[PDB]
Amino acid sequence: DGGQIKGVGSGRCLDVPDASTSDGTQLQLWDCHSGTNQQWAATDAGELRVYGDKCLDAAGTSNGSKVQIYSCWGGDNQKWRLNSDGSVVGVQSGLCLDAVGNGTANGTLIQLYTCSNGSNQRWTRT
């Protein structure tokens, strides 16, 4: 199924730019809508999937590491702990899904960053 993942601080949704299906495409914030590029399904394997067959994927384990779409393979960089406080924590990195530079505008990129309970690190279903 899946649905929107909205950033608390920005009021904008986790969005694959231009509805690309290309592996390595970095995620962004965008005004929320019903496009398939904003529908994320949480799986039992700990994934957040878009298009049914692409995984939310941490390209690295450090602060500033890009968060991208990528073909699913079961790796720990494609697993996310969905905490009750809105944080979305990468299993491999222990870092939070984070809107780059505390940005809120359309096109703000998504990265990993130290969990700090920031509004740019809190994510809600709608």
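Counting begins at 1, following the sequence as shown.
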> Per the coordinate record, which of the options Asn83, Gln28, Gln39, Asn77 holds the highest CA temperature factor?
Replying inline: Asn83
> Based on what the PDB entry reports, which of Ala45, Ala58, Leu48, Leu97 has the top C-alpha B-factor?
Replying inline: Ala45
>> Using the temperature factors of the C-alpha atoms in this entry, rank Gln111 within its chain: lowest, middle or highest third.
In response: lowest
> Based on the entry's values, in what third of the chain does the Cα temperature factor of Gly90 lie: lowest, middle or highest?
Replying inline: lowest
> Taking the entry's C-alpha B-factors for this chain, is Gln4 in the lowest, middle or highest third?
Replying inline: middle
> If you rank every modelled residue in this chain by C-alpha B factor, which third holds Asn120: lowest, middle or highest?
Replying inline: middle
>> Split into thirds by Cα B-factor across the chain's modelled residues, where does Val16 land: lowest, middle or highest?
In response: middle
